[PDB]
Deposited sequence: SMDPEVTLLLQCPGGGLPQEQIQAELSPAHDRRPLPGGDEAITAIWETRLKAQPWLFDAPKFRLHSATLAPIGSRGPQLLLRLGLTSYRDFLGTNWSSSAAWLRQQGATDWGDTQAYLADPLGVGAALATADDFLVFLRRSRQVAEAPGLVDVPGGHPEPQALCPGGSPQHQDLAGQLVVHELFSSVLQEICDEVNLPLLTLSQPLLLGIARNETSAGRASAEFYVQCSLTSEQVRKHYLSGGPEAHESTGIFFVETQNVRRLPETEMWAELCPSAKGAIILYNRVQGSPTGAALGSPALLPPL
């Protein structure tokens, strides 16, 4: 899977909100482009002159994520974040020249991402009460990953002493995206655990934070809530479910070639962090069959 790279695998089966620190700093921003940010402004003007109903929106930028030594007390992760925008994404990661910008950043800054917007996404491995994960089908008419399979998620919009409010908005955002797209009541969801961070090498290395969320509803009940919104209540065109038993071997199935890169990152991290037991009971051959 060359189109997905793991940047972070969390310990302990996943980290809760209270174990994560953020540093939001203009030192963590994109660098101005070599010949100037006028190239971004020109792409945006061309787009608005065809689609004048489009709007810009602020986004968090991922600079880096440092894990504490394993087994330590106190905060376990530091997220270094900056700010970016939808407009800066369209002019950098989404540009036909994005690979040239990655080579230039290696040359000038020793950092392949220095000239890239790199907006931070969120995604969820969402489990039902009857042990299935939730998948969504993308419209064949959208610009990014048309017709491919995705998991719930989105790209959060801004608004440790401003740090804790930023971590709160990231955890809040993945629940809000589940409620808006799947149409589930908030009180049927667990507090999220962070599983890790995955990069989409088909979008010049932009990253997504991948979370585990449990729902108290069965697969039948989740399907009823999704459908009862009607076609205008969701951006996706369908919902479906895979037993957690079967997610273990998903990379060997025909479904794998249909998954978009951020959804592949969610499922790899689910399998490594929530699956893959370490103890004698769950590791016994009848509960963890060989192959």
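> Would you mind checking the deposited sequence against the model and listing the stretches with no C-alpha coordinates?
Absent from the structure are positions 1 to 2, 162 to 172.
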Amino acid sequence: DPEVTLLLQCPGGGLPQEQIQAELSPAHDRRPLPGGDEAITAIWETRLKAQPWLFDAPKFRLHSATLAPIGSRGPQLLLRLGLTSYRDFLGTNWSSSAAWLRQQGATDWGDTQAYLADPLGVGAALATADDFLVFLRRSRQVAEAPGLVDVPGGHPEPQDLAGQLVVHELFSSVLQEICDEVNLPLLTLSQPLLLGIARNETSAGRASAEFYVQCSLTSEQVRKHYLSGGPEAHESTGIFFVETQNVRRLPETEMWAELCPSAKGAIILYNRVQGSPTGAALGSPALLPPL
From here on, numbers count along this sequence of modelled residues.
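> Which is higher in the entry, the mean Cα B factor of 116 to 124 or that of 145 to 153?
Mean B over CA atoms: larger for 145 to 153.
> Which is higher on average in the deposited entry, the C-alpha temperature factors of 226 to 234 or of 240 to 248?
Result: 226 to 234.
> Between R87, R102, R206, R80, which carries the biggest CA temperature factor in the record?
In this record, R206 carries the highest C-alpha B-factor of the candidates.
> Considering every modelled residue of the chain and its Cα B-factor in the PDB entry, is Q9 in the lowest, middle or highest third?
It falls in the middle third of the chain.
> Among all modelled residues of this chain, ranked by Cα B factor, put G196 in the bottom, middle or top third, i.e. lowest, middle or highest.
Bottom third by C-alpha B-factor.
> For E177, does the deposited CA B-factor place it in the lowest, middle or highest third of the chain?
Its C-alpha B-factor, which the entry lists for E177, ranks in the lowest third among residues of this chain.
> Based on the entry's values, in what third of the chain does the Cα temperature factor of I40 lie: lowest, middle or highest?
Tercile = middle for this residue's CA B-factor.
> Ranked by Cα temperature factor within the chain, is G91 in the lowest third, the middle third or the highest third?
It falls in the bottom third of the chain.
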